[PDB]
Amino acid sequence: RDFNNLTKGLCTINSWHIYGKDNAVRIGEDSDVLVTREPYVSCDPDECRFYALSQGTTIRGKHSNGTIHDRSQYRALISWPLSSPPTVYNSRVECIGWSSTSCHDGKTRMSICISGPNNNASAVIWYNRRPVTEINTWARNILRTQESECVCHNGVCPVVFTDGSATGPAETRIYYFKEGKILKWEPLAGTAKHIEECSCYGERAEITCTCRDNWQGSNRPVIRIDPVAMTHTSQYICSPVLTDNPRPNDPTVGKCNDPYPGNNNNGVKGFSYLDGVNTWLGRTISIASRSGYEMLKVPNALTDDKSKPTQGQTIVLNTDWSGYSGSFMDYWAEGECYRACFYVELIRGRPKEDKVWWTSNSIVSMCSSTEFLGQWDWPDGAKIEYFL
């Protein structure tokens, strides 16, 4: 119809209710489920779907051996119906590649997949299910993008890309696309020192992205974008409640414009909702690995270097495997506010569960409630032993 505009503010988050869960690994033990990783959720005006990077093989398939690897010629961005597992028969390929992002502008969808060898990758921007623009690697070192949905405002959909080192300074660019065409791009600015896999959402004509500083920060870098002026800023979440992984233990005061030290060259895709007192941070419970997952209300986390939790909700027990997590919202729902949502990737197999030769995941997703709901934990649920 018309391009969607971010006219609403976030709803008050008082708790999180269950939104979707596909139990992919449980089901795929005896059904034709594709091996995946790097999942996310994204809405169209009339439907919300699950997204992920397939590995081009079923879990039970012999070609599942080796899927711990991130980039191959057999990966593709696929989408499928909410809470269903990604099967060979219900998955729709959006594009070919090993890194992606996707978002609906209100009229139609833009999907981006990057493929190629490490020193010669390229991004192909699809719009209305047709290829429209291509961008070649500028740093010739694994051109990569968000791994979760982008956000649009009046046709303009900003996307964050990084090309270059994962263990030192890299070259990050913010591209402003409209109908798949590049309107503008700018190099990253601000105090964020390294940017990867940004998790974004929008409200009141502003897009907020919580990313990953793989190089040095255990606190998470944040990029705020103005889709109209097509400009941005960057900093770190100030709060001493650290949210990357692995990470050092929580201090009493964080860092606003520098990476909090203690762990280098590693991290995990993550997210947060930075809205004054209505601020909630997601993070693995373990400071050592992708284990467990919790939501913590940290009022003014982005700007207050001593902010600590005031409420919380456990999503996955520390005795269960978690993984990537990112933001998305149904910008086409009724009501006066945007309901914050998120997904957590539940990784199974390698490297933590090496009795199997594969690596995959299932998805659990929640959205905010203004009620103060009881909590439950949501594990992947599969028994690795069944796969032996």
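Residue numbers here begin at 1 and follow the sequence given.
A.B. asks: Mean C-alpha B factor from the entry: is it higher for 252-260 or for 81-89?
C.D. replies: Per the deposited B-factors, the answer is 252-260.
A.B. asks: Highest Cα B-factor in the PDB entry belongs to which of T279, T233, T162, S99?
C.D. replies: Comparing C-alpha B-factors across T279, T233, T162, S99, the maximum falls on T233.
A.B. asks: Which one, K306, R109, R75, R130, has the peak C-alpha temperature factor per the PDB entry?
C.D. replies: Comparing C-alpha B-factors across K306, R109, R75, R130, the maximum falls on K306.
A.B. asks: What third of the chain does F372 rank in for C-alpha temperature factor, lowest, middle or highest?
C.D. replies: Its C-alpha B-factor, which the entry lists for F372, ranks in the middle third among residues of this chain.
A.B. asks: Going by the CA temperature factor in the PDB record, which third of the chain does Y40 belong to: lowest, middle or highest?
C.D. replies: Lowest third.
A.B. asks: Among the chain's modelled residues, which third holds the C-alpha B-factor of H69?
C.D. replies: For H69, the deposited C-alpha B-factor lands in the highest third.
A.B. asks: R339's Cα B-factor: lowest, middle or highest third of the chain?
C.D. replies: Its C-alpha B-factor, which the entry lists for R339, ranks in the lowest third among residues of this chain.
A.B. asks: Could you say whether, by C-alpha temperature factor, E149 belongs to the lowest, middle or highest third of its chain?
C.D. replies: Its C-alpha B-factor, which the entry lists for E149, ranks in the lowest third among residues of this chain.
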